[PDB]
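Structure assessment
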Amino acid sequence: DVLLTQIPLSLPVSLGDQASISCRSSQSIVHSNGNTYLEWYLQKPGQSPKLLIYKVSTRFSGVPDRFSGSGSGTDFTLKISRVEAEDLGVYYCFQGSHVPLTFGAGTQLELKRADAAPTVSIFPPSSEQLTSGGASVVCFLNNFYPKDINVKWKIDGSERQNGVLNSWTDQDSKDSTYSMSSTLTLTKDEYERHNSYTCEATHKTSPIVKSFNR
Amino acid sequence: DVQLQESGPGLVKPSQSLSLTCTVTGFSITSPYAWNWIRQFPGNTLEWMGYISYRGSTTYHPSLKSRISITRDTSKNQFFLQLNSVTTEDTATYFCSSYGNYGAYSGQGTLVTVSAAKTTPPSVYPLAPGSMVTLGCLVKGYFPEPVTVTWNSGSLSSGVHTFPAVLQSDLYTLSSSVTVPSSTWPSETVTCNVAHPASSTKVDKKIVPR
Ligand SMILES: CN(Cc1cnc2[nH+]c(N)nc(N)c2n1)c1ccc(C(=O)N[C@@H](CCC(=O)O)C(=O)O)cc1
């Protein structure tokens with residue numbers, strides 16, 4: 001199978017910047033008719049991927065001139081001469097020259113900004129959930145930048161990892177920050193075995209700590 | 001003018017087969033060159049499943065060839081996808097697309113969930129704390145995806161984070177946060193509005209302190 005290597009996978013940019021994405025083919029993608037079916041797609045969130053460039057350098061209908069494709073053999077490049085607010089999303093390269101037809105892993109074109117520490121909020125289980133015999137402890141690590149932040153749970157001085165469910169949001173369109181939710185899933189009985197519940201935002205010292213006592 | 005519209009069931013039981021329809025408008029499926037079926041896995045990678053040409057000959061992803069069948073109805077201007085012995089690993093957003101000398105056109109895509117799980121509404125719980133104040137909503141144990149979360153019918157959208165759903169074990173769970181000034185809460189009403197269309201539910205949970 002033809003493997004497509006996209007370089008880089010994450011492209012941090014400022015509006016107005018010149019951007020370049022590379023697509024490296026594991027083998028030649030020249031079809032038996034001499035044509036190279038190398039395509040570039042842009043996927044915005046919620047939307048389906050939309051064609052930008054096909055046959056290496058042909059711009060699709062409605063595609064601006066700031067988007068251009070080039071390359072030969074195993075190295076293909078998508079260039080964005082001026083990054084606009086509407087150009088943000090995930091870029092994919094695709095080859096249709098050999099079966100199976102294949103895509104690259106996707107390049108996230110993301111907005112740069114200054115580092116931001118998260119806002120940590122901890123929530124004891126609700127009385128409504130306790131009545132059902134369940135006790136979920138929820139923590140939010142909101143509006144941080146870049147993705148370099150983690151969660152750490154401590155229950156009465158001991159690190160907790162089992163029963164922890166984490167989810168990260170995409171880059172926020174409001175301020176270019178990321179957010180994450182961490183839920184410690186316990187039964188009412190498990191929750192009653194412990195007193196002090198601690199949620200921390202960690203970095204590669206210094207953590208942002210939130211806690212409550214049962 | 002050109003439109004490719006996917007249709008079919010959103011839920012399929014494991015070992016059963018998924019069937020999807022692509023309804024084409026704007027031009028004929030008889031126009032060159034290929035009429036594709038593509039899938040995008042949860043938060044993921046894209047896979048070209050196969051295509052039927054303008055002349056009716058098929059080309060499949062070798063790994064799917066034995067389970068996959070792409071057919072067409074030239075007079076209805078539709079093409080079809082059949083994927084047989086389905087696994088939980090077939091859960092994806094399925095799109096139909098076209099390719100030719102003009103480039104490519106893509107449909108909007110529909111999520112097809114492959115699970116043994118049955119339709120369950122979520123349990124919605126308020127999250128009140130123990131200059132700004134963060135409140136939340138826990139939307140637990142629903143099936144299938146999706147749910148929609150709004151805060152005060154949308155007037156609070158500015159300081160809202162609705163986190164992606166996680167699957168455990170065969171049910172989905174999500175949370176949503178809202179941050180408002182300390183002046184606004186508990187003095188004024190903050191309500192979390194959750195809708196799960198599949199089970200026809202619409203719940204409104206108010207955030208009450210202590
Ligand atoms: C090898 N490819 C298949 C191919 C290429 N890129 C794709 N790109 C996408 N997005 N999807 C599919 N299915 C693709 N399939 C391929 C080869 C030759 C013709 C072809 O002969 N095209 C025209 C005209 C050929 C010509 O230029 O004379 C025809 O009408 O037959 C099309 C596609």
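Residues numbered from 1 in each chain as written, not as in the entry; some residues may be left out. Chains lettered and ligands numbered in written order. Heavy atoms only, no water.

The record names X-ray crystallography as the way this model was obtained, at a resolution of 2.3900 Å.

Going by the PDB entry, chain B carries the name Fab ADD056 Heavy Chain and comes from Mus musculus. The title field of the PDB entry reads "Fab complex with methotrexate".

As annotated in the PDB entry, chain A carries the name Fab ADD056 Light Chain and is attributed to Mus musculus.

Structural notes on the state of the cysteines
Tallied over the entire structure, the rule returns 4 disulfides over all chains. Between A:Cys23 and A:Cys93 runs a disulfide, and the two sulfur atoms are separated by 2.1 Å. Taking the sign of the S-S torsion, 70 degrees for the link of A:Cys23 and A:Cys93, the bridge is right-handed. Highlighted residues: A:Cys23 in strand β3 (residues 19-25) and A:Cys93 in strand β9 (residues 89-95), separated in sequence by 70 residues. The exposure class of A:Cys23 is buried, given its relative accessible area of 0%. Residue A:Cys93 is classed as buried on the basis of its relative accessible area of 0%. Sulfur-sulfur distance for the disulfide between B:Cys22 and B:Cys96 comes to 2.1 Å. Every disulfide takes its handedness from the sign of the S-S torsion; for B:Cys22 and B:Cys96 that torsion is 65 degrees, giving right-handed. Placement of the pair is B:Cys22 in strand β3 (residues 18-25) and B:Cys96 in strand β9 (residues 92-100), with a sequence separation of 74 residues. Like B:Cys96, B:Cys22 is buried. (Disulfide = S-S within 2.5 Å. Helix = DSSP H or I, 4+ residues; strand = E, 2+ residues; numbered from the N terminus. Buried < 20%, exposed > 50% of the residue type's maximum accessible area, 1.4 Å probe, protein only.)

Quick word on the interface of chain A and chain B
Listed as interface residues are 40 residues of chain A and, on the opposing side, 46 residues of chain B. Taking both sides of the interface into account, the surface hidden between chain A and chain B amounts to around 3400 Å²; carbon and sulfur atoms contribute 63%. A:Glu128 is the salt-bridge partner of B:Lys205, the closest N and O atoms lying 3.5 Å from each other. Looking at the side of chain A that touches chain B, the elements with two or more residues in it are β4 (38-43), β5 (50-54), β9, β12 (119-123), α1 (127-131), β13 (134-144), β16 (164-168) and β17 (178-187) of chain A. In terms of residues, the side of chain A that touches chain B owes the most to one element, β13(A), which gives 5 residues. When grouped by side-chain class, the residues that make up the side of chain A that touches chain B number 19 nonpolar, 15 polar and 6 charged. (Contact = heavy atoms within 4.5 Å. Buried area = accessible area lost by both parts, 1.4 Å probe. Salt bridge = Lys/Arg side-chain N within 4 Å of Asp/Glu carboxyl O. Nonpolar A, V, L, I, M, F, W, Y, C, P; charged D, E, K, R; others polar.)

Things to note about the sheet that holds strand β1 (residues 4-7) of chain A
Sheet strands line up and pair through hydrogen bonds in the backbone, either parallel or antiparallel. All names here are of chain A. Across the sheet, which stays open at both edges, the 4 strands sit in the order β1-β3-β8-β7 with antiparallel pairing between neighbours. Looking at strand neighbours, the two that pair on one side only are β1 and β7 (67-72), the edges of this open sheet. For this sheet, the mean angle separating the axes of adjacent strands, direction not counted, is 20 degrees. (Pairing = 2+ DSSP bridges. Axes fitted to C-alpha atoms, helices over the stretch in contact; angles between N-to-C directions.)

Some details on the nonpolar core
Counting 43 residues, the largest nonpolar core has A:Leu38, A:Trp40, A:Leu52, A:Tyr91 and A:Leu109 as the members making the most contacts within it. It is β9(A) that provides the largest number of residues to this core, a total of 5 residues. In this structure, B:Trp37, B:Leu81, B:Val86 and B:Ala92 belong to the second largest nonpolar core, which totals 25 residues. (Core = buried A, V, L, I, M, F, W, Y, C linked by side-chain atoms within 4.5 Å.)

Quick notes on the environment of B:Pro209
All names here are of chain B. Summarising the element assignment, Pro209 is placed in the segment after β19 (201-206). On a C-alpha basis, the gap between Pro209 and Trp185 in space is 9.1 Å, while along the polypeptide they are 24 residues apart. For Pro209, the contacting residues outside a window of four places in its chain are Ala128, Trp185 and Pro186.

Let's talk about the site of the ligand
Near the ligand lie 14 residues; those nearest to it are A:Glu39, A:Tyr41, A:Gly96, B:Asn36 and B:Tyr51. At the ligand, the nearby residues belong to more than one chain, namely chains A and B. Between the ligand and the protein, one listed contact pairs a nitrogen atom with a side-chain N or O atom of A:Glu39 at 2.8 Å. In the environment of the ligand, a nitrogen atom lies 2.9 Å from a nitrogen or oxygen atom belonging to the side chain of B:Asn36. In isolation the ligand offers 680 Å² of accessible surface; the protein chains occlude 70% of this area. Elements with a minimum of two residues in the shell around the ligand: β4 of chain A together with β4 (34-40) of chain B. For the shell around the ligand, the residue count by class is 9 nonpolar, 4 polar and 1 charged. (Near = heavy atom within 4 Å. Polar contact = N/O pair within 3.5 Å; in protein donor to acceptor, adjacent residues only side chain to side chain. Areas by Shrake-Rupley, 256 points an atom, 1.4 Å probe, with all protein chains shown as cover.)

As for the sheet that holds strand β14 (residues 150-155) of chain A
Residue and element names in this part refer to chain A. With antiparallel pairing, 4 strands are arranged side by side in an open sheet as β15-β14-β18-β19. Two strands in the sheet have a free side with no partner beyond their single neighbour: β15 (158-160) and β19 (208-213). The average angle at which neighbouring strand axes cross in this sheet is 30 degrees, direction not considered. Both strand β18 (residues 196-202) and β19 contribute to a ladder of 6 bridges, which runs antiparallel. Counted as the bridge partner of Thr198 is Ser211 from β19.

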